[PDB]
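Take a look at this single chain, the form deposited in one PDB entry, given in structure tokens.
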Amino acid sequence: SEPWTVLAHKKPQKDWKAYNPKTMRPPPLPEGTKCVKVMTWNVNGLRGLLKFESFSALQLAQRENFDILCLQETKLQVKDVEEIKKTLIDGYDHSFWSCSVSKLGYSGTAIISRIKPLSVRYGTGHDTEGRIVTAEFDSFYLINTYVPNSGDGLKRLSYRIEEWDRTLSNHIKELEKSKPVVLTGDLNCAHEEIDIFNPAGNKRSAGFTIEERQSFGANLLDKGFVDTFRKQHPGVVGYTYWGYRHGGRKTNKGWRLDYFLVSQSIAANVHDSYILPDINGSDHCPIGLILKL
């Protein structure tokens, strides 16, 4: 059963198809093509995921052979990182964790890499909610972020639009002045109607407000960044999130909230921006990016 291959959408256009990674991913790169492979995942609580019976860090690494793993919502405290680092599997020696210090057991990001970065900074070193990690590599910057959820009743929409969204934009544009940027993580916005199963029923839901979508366009895309999955798959409905409560994953009633956004300068180097909807353990599934260097 592969429910993500069934086109679930309340108001689809005529020529839209459901994303099937078995038939729609490009063929592998010619061998020796120097590239970097990144996987990104909102794990909805790292400790809980590690207690998930069907989850193994070793199998995931063996299956995808990523160089870098970007996590959101680790929910770790600072005091937890030393021990969590010890459970990292062999081969991924450089790990960097930004944990929430005001609200405990909340938010949290991490970058796990078998490539040693030139530099790593946390925040835009103030990161009170552990929402941003920036790792410098030789030809690009990798920014892993967990964007603030606007919340029930849009209670946080003002901070999201007026403060957060602009600060993230300024941070990536500043770094772009030295190297192109790979922005990834849970951006907490379904950009267009194709990115959400029920657009009409969610006009005032966090993540699909007119305010959030317009900011996404104006503060991210229109400042020279490319939605790699959307560019690679025009007219393809593919989700990365399914709400637990209404059991929408079994019928693919989901949203695309997780992205790979890249500087215009390296948009042509993206070989594959993909989704892994079969991996369970969170209400998000992982996404991956294969970038030619």
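So that the term is clear: the rigid core is the largest set of C-alpha atoms that superpose within 1.5 Å between two forms. Shifts are known only where both forms have a C-alpha. Start at 1 with the first residue shown and count on from there.
Looking at the deposited sequence, how many residues between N202 and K203 were given no coordinates in the entry: none, 1 to 3, 4 to 9, or 10 or more? The entry has no unmodelled residues between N202 and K203.
Taking the mean of the C-alpha B-factors per stretch from the entry, tell me the winner out of 81-89 and 180-188. Mean B over CA atoms: larger for 81-89.
If you average the CA temperature factors over each stretch, which comes out higher, 135-143 or 68-76? Result of the comparison: 135-143.
Per the PDB entry, which option out of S215, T109, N149, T124 has the greatest Cα B factor? Within the set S215, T109, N149, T124, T124 shows the top C-alpha B-factor.
Highest Cα B-factor in the deposition, which of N42, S54, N252, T228? Largest recorded C-alpha B-factor: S54.
Pull the Cα B-factor of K173 out of the PDB entry and bin it into the chain's lowest, middle or highest third. Answer is highest: the recorded C-alpha B-factor places it there.
Taking only the Cα B-factors deposited for this chain, tell me whether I279 sits in the lowest, middle or highest third. CA B-factor rank for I279: lowest third.
Sorting by Cα B-factor within the chain, modelled residues only, which third would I210 end up in: lowest, middle or highest? Answer is middle: the recorded C-alpha B-factor places it there.
Which third of the chain holds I287 when residues are ordered by C-alpha B factor: lowest, middle or highest? Ranked within chain, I287 CA B lands in the lowest tercile.
Which third of the chain does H94 land in by C-alpha B-factor: lowest, middle or highest? Answer is middle: the recorded C-alpha B-factor places it there.
Same protein, other form: the form deposited in another entry, not shown, and the subject of what follows.
After the core is superposed, which of these residues, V236, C35, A57, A267, moves its CA 2 Å or more between the shown form and the other one? Per the superposition, the moving residue is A57.
Closer or farther in the other entry: C-alpha pair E53, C70 (3 angstroms or more): Residues converge in the other entry, at least 3 Å closer.
Cα separation of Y19 and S54 in the other entry versus here, shift of 3 Å or more: Farther is correct, given that in the other entry the C-alpha spacing of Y19 to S54 is increased by at least 3 Å.
What parts move between the shown form and the other one when you lay the two on the core: runs of 3+ residues, each CA off by 2 Å or more? Run with every C-alpha shifted by at least 2 Å: 53-60, nothing else.
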